[PDB]
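Engineer: Each residue of the sequence shown is one higher than the last, beginning at 1 in the deposited numbering. Okay, here's the structure, questions in a sec.
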Amino acid sequence: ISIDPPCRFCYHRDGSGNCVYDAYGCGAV
């Protein structure tokens with residue numbers, strides 16, 4: 001089965017279950 005795409009640009013699923021800007025480093029490091 002195909003998996004859904006990643007979160008928004010530089011985002012990620014948090015504990016609440018929503019996408020949020022990776023303030024810990026979205027690859028801009």
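Ideal placement from N, C-alpha and C gives every residue a C-beta, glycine not left out.
#1: From the DSSP output, in three-state form, read off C19 for me.
#2: Taking C-alpha atoms, which residue in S2, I1, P6 and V29 lies nearest to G17?
#3: Could you pull out every residue in the same chain whose Cβ sits closer than 7 Å to the Cβ of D14, ignoring the five residues on either side in sequence?
#4: Identify every residue that forms a DSSP beta bridge with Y24.
#5: For the beta strand (DSSP E) containing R13, list its first residue and its last residue.
Structural biologist: Answer, in terms of the structure:
#1: As a position in the sequence shown, residue 19 is number 19, starting the count at 1. Strand, per DSSP.
#2: As a working mapping, residue 17 is identified with position 17 in the sequence shown. With distances taken between Cα atoms, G17 lies closest to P6.
#3: Taking the first residue of the sequence shown as 1, we reach residue 14 at position 14. These residues qualify, in order along the chain: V20.
#4: Here residue 24 refers to the residue found at position 24 of the sequence shown. Beta-bridge annotation (DSSP): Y24 is not paired with any residue.
#5: As a position in the sequence shown, residue 13 is number 13, starting the count at 1. Here the beta strand (DSSP E) through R13 covers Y11 to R13.
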